[PDB]
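Q: here is the sequence, then the experimental structure:
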Amino acid sequence: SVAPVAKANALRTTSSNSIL
Amino acid sequence: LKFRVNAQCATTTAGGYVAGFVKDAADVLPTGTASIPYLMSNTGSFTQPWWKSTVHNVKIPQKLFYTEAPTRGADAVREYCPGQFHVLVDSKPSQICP
Amino acid sequence: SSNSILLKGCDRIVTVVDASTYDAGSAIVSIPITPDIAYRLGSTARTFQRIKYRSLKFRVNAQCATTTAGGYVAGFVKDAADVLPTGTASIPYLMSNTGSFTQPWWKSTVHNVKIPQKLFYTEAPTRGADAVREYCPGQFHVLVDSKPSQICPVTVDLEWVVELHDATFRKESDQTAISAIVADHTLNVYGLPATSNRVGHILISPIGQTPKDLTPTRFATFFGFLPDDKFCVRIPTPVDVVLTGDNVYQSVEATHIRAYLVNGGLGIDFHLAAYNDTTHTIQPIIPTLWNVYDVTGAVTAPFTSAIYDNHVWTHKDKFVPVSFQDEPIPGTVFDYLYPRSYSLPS
Amino acid sequence: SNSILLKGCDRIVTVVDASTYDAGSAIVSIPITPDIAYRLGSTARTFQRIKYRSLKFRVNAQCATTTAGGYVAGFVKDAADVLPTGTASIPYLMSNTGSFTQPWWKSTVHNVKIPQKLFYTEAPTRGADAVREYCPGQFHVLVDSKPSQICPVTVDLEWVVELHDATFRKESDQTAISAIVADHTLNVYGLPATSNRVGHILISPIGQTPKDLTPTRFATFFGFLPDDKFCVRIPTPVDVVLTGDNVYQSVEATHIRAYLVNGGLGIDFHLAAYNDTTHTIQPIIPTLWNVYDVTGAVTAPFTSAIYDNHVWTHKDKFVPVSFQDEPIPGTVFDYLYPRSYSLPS
Amino acid sequence: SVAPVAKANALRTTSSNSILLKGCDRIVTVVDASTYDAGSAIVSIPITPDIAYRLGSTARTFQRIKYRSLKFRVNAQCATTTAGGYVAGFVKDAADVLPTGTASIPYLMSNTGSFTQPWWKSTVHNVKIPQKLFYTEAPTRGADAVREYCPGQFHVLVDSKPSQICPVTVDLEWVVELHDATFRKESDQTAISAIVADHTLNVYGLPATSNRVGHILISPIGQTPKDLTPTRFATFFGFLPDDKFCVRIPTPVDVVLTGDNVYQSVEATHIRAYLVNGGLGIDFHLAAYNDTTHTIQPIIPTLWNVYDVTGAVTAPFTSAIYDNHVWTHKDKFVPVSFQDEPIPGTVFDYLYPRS
Amino acid sequence: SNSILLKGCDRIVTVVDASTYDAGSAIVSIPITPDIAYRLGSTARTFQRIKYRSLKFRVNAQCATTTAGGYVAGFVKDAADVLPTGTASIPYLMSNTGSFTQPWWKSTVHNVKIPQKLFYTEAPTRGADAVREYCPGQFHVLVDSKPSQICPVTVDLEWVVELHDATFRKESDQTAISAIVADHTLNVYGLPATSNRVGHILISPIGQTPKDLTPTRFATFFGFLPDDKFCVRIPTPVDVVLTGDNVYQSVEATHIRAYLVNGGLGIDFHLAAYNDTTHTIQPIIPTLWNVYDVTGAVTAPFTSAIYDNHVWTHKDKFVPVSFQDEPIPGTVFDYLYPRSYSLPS
Amino acid sequence: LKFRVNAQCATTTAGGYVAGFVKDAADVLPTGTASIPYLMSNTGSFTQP
Ligand SMILES: [Ca+2]
Ligand SMILES: [Ca+2]
Ligand SMILES: [Ca+2]
Ligand SMILES: [Ca+2]
Ligand SMILES: [Ca+2]
């Protein structure tokens, strides 16, 4: 295993739902 | 519930963090550097270097909680809270880590 | 069934260490495997007699920066009683042991130890001699191969799985033993000059020759915790004291160092001491305050002067805290009354 | 090939009247080694190691259902473990896997699954006392609540073992002997120097004043009658200082020994040690203590002496040895200095 | 291809194998048993890899051993004109200590394989110890549990005192399994006792006006004690002393230093060898660790230094009184450095060639 | 039947900082004999001959990719061959069949196919030094280009061998010891005859004037502290001539020995040889040198003496022996005269 | 190779010897004081009056 300059916070798009 | 701990720093930054979830509202982590190994004995329990960001899913008991604390009568804390989430500083970051 | 379980869990075996402050070859982790090493494991293991370690996985969390050069050697020596050489030469010794490896300070690993499927006792034997081999499958180590340039925080966790067998409950009737936290100085007693006020008193003598009394913030820096007028300790080797008065003479082994109130109780100092048969308790051996029986049964304090033998104590010496009447003090009681900085292991 | 399989059965504890024990005290707490059963012992003394195939304890109490109270029994499977010595022993013992409670009128039999390990048959005479190697654990019978009337209790052991590695050893190396009564002590005083009473062993009833140790009292303290050649190794040595003209010498009193006085009519007891001159334990009376000078000649230059005060309780264990410091065996001791025959121990 | 901050040395866990060895070594050699009386044990060595050169060398590289076969060969060089005999045998318990000897013979004889023989005949013993897995070293930390690292001890008792010079030798022909690979430190030299039972070492302190009154002397149990010439030391111990011979005493001897207005008692814990007259001779004296010099020194009043409360060093002692003591062939002296460190075997062997 | 198959692994070289080596110099050049690995050594000392089934060298360098430069490693399969000792070593070594080059930040493992011959396990103590019989060749790690920053380097050896023919031998017969520094020398002068300084060993920093050899300097030259009984066999004997009234004698100085001066406060170092009179190595001071005459009587007839000038460099190998000329073992020497613990050698 | 060591010394002679074969032409033994246990480690070696 190799060490990077940096690892980036896992890209996660906030997702919601519509309600009644 | 999934907690996203982000730390936007380079692998040059030494040290790490410890995170996890205590599944009782009443419980109270010992307030020293001793908090860490206590928290670590709880079932969810990450340690990562400051440069490594995580996501932590937390299986929560499928009980119904009240949504607010009691304004009347006694403060039975376990009825409205499923427990605390913690992120502790194992070892101080060697440089600015946000 | 009962009388037998299978238990899994992950706990913290050892809390943070900065390897950047450790001489090459020294161990930053040197831990004998016993159930009490892990919070959850130790608690449940108390409720059984024998244990079998099915899997032990050491999670070594090395969080040194990816630039910081150098590495660590870590292994598991398979004998509780063995002891690595205090030197840089420990490392090639340890490398020779099975399952050993190096890895740079930034690289954490999860090393799996393969433990003999023998049943061990779960606790140190309360009766008899401390055969460490009976209850400990071995020691887990982490040595500093190449001392880190910069800060280098390192920790260890354990993934364990064990069988617990034969169900009892232990008191637990455990007791502590202290030694000095720091090694840059010693504490000692003096018998010369006979005239002095601090004769038989305990003093701290640094590398800097001159002895000095215990502030006791001085005591604090030697033992790692604060004193208390109820502090008493058993000495590894007794110290001869010679009481003498008007046509009377007695010899006494100073078996204890005790704290005692000084000049109207708003002060504390430390003196040599032994169990007094009259008082049925541990008192500081002071001529006028030392009482004794005579043939008739009467008690008297005829001693006017005393001659204490010189003696020094080091980091190496093992003290053991005991309530007056040398009654051993439980581990949790001592840790409360006399709290040291929280570390793991203890 | 040498090894054997021995069945048998043997009284472990002889009858006792439980109505005299307090609540919390044990009528039995006994580490299982072969030497407790007669038959088992006498054969296993001719073998080095042992496996306990089977153990069944028979607790008998021959009393009527009129007798109130009960007992608690069980087996702790670790030689090292030590039941808390209060009334607290009971609930601790009860948390162990075998754990009866019965009324005093109900007798039982208790089988004990023992780990199938090989134990040594004797404790180590050399090196450290790693107790777990020769004992699989203790058997206990505790007095939950004192019997309301005379209830006599016994314990038999049905046993089956395997024996291996052929040797032979004697019933004992040595014996240890403690006091029978607990409201007394033995004392040495040296404090009033001029007294002719210093150095001699005395009996103090803890409240009362101490008095000279006479055979009739000795009896009530130790459970047997002393004699001309009673001698004992004390557990902690006592310091002694002898002096004369141009002469001083420190001597550790390592024994209490009997010696005879006023022609041999009576006998008294004195601190004592081995005299390199005579190669015998002697009573350390300054005029009578002999030493070598550098030329090898023997003198007795001492005239004064200072004994350090010391005390001994029912907790102290004295070991009988002959003069010459040869520790005297159990069988032999019991023969020379007989006490009441109880069995356990 | 991309360049990292760093690449980590390929993780490789050292892996070894367990072996089965055969071999043989001289296990013990004695000279002149003759002085030893009936029941004395001229040989009783507890079996451990340490004892044999060759075994001990390999066993050093393993944590755990299993002695599948031990075969002992007892010889005695005593000519066929020597009367008397011996019993030899193996006791399968590291802890057992024999009766006194007078009666040890019939005990040893009850242990299987044990044989009785005249001095001028040899015996051979095939001992087996299957299915038992020992450590290869006495525990460093913790209590010394003899049974963990030792399968028994091998004895040779004098049955009838030999009439003439009767040196004895035991040779072991072993075959073992070794497991769990480690590497240990060299073996520290073990306790030493006399090679002769008709002599004692002695310290007399009594005639205080005497020149040699803290010294160690050798008394032929018959007559008056003599000074310890190196040649005598050798006849008693088996080797020649040197100027840094220091050895730990079995039980400490009390000593009392003194001068006007100054008193101090000193637990004498060693016998040092010091230099006698202007660095050409050598004598032996009671000794103790000196906190002033951080070394074990002979307890001579005028040369014994101590700290005082100020921290300063002073030599205020003018007279001194030594309690008498006696050492015998039955006593165990542990060779140590002037720092009370046990010296490793090979170093001892080099400083102290036997004979 | 005696023979075995041993697996293991062992540190060959302990960590070093490559950033301090020059280009062309080797951080390792090491002839493979069992005595370098601890585990391997300690077992193969109990066997006469050996086959190397497997050898894998692990070169570790725990540094960041920021560190410039690289290393070259490989194995020369002949014990006799000798890499040219310049920066030229590198391209020579590279022509051998195994031959890595890597940047300092890249650690490797190098397997080495070794001829399946049986080697002796030790060098010959008798007869000629036919080196090819006990060594299959040297392993080298050379500094191509000096590391731009601290790069710590180690070498482990994964090994698998067969061992045959059962014997036993000690870690060493003797040891050889050279200088630690290279900008100095040791000197003997006899040239200004009248000087009280002749014959004694001195330290000259090659440019500076020579000065008396004192413990503190001795330390910086040899890497350890001398003492009362430091003695050494020199590689080339030095001639010495003693004279008196009707008396002359030539004596080869075969040792440098320490002796003590001015009461024993300090110590100095002198040419020395074995004295047949006293059976000990002695410092060859005319008044103190004793000899036999034909009648067997011992005299010390010498009053003058002439020492021949000699020089010693960091290239000279001194061998420690006790007086009596018994060469002292490595383990023992290291114990008596401790230096910094490095591993290879 | 089969070696037969005899010694004419009569049964009244005390002392003994060790005999054995070292499978290396180059080995030289310890000094003797300690050669005995070395020689004894080489297989086939026997100690005898
Ligand atoms: Ca609400
Ligand atoms: Ca237990
Ligand atoms: Ca036994
Ligand atoms: Ca070991
Ligand atoms: Ca060879």
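A: Received the coordinates, thanks. Numbering: from 1, shown residues only, chains lettered A, B, ... in the order given. Ligands and ions are numbered 1, 2, ... in the order given.

Q: use CA for all of it now, contacts and neighbours both
A: Will do.

Q: if I look at residue A:18, how far off is residue B:1?
A: Separation of residue A:18 from residue B:1 (C-alpha to C-alpha, to the nearest Å): 19 Å.

Q: now residue A:17
A: In terms of C-alpha to C-alpha, residue A:17 sits 15 Å off from residue B:1.

Q: which one's more surrounded, these two?
A: Legend: neighbour count by other C-alpha atoms under 10 Å in any protein chain shown for residue A:17 and residue B:1, higher for residue B:1 (8 against 4).

Q: wait, the more buried one sits on residue B:58?
A: Yes. Using C-alpha atoms under 8 Å, residue B:1 makes contact with residue B:58 at a distance of 5.6 Å.

Q: in chain A, what residue lies closest to chain C?
A: residue A:3 (6.6 Å; C-alpha to the nearest C-alpha).

Q: bridged to that residue, which residues?
A: residue E:6 (DSSP bridges).

Q: center of chain A, which residue is that?
A: Nearest residue to the geometric centre of chain A (C-alpha atoms, centre = their mean): residue A:11, 2.5 Å.

Q: what's the span of stretch A:10-20, first residue to last?
A: Termini of stretch A:10-20 sit 32 Å apart (C-alpha to C-alpha).

Q: make that stretch A:6-17, sorry
A: Termini of stretch A:6-17 sit 33 Å apart (C-alpha to C-alpha).

Q: ok, the residue nearest to the centre of chain A to ligand 3 distance?
A: 71 Å (C-alpha to the ion, to the nearest Å).

Q: just residue A:5 next, same as before
A: 66 Å.

Q: residue in chain A nearest to ligand 3?
A: Using C-alpha to the ion, the single residue of chain A nearest to ligand 3 is residue A:1, 56.6 Å away.

Q: that residue and chain D: what is the separation?
A: Going from residue A:1 to chain D by C-alpha to the nearest C-alpha, to the nearest Å gives 47 Å.

Q: check residue A:18 too.
A: Distance from residue A:18 to chain D, by C-alpha to the nearest C-alpha: 58 Å.

Q: can you check residue A:7 too?
A: 53 Å.

Q: that residue: what's it in contact with?
A: B:10, B:11, B:51, B:52, B:53 (C-alpha atoms under 8 Å, 6 or more residues apart in numbering or on different chains).

Q: let's see that with 10 Å instead.
A: By C-alpha atoms under 10 Å, 6 or more residues apart in numbering or on different chains, the residues touching residue A:7 are B:7, B:8, B:9, B:10, B:11, B:51, B:52, B:53.

Q: what does residue A:8 give?
A: Taking C-alpha under 10 Å, 6+ apart, one finds B:6, B:7, B:8, B:9, B:10, B:51, B:52, B:53, B:54 in contact with residue A:8.

Q: want to throw the residues you listed into JSON lines with distance to ligand 5?
A: Putting these into JSON lines (distance: C-alpha to the ion, whole Å) gives the following:
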{"residue": "B:6", "distance to ligand 5": "64"}
{"residue": "B:7", "distance to ligand 5": "62"}
{"residue": "B:8", "distance to ligand 5": "63"}
{"residue": "B:9", "distance to ligand 5": "60"}
{"residue": "B:10", "distance to ligand 5": "57"}
{"residue": "B:51", "distance to ligand 5": "57"}
{"residue": "B:52", "distance to ligand 5": "56"}
{"residue": "B:53", "distance to ligand 5": "60"}
{"residue": "B:54", "distance to ligand 5": "60"}
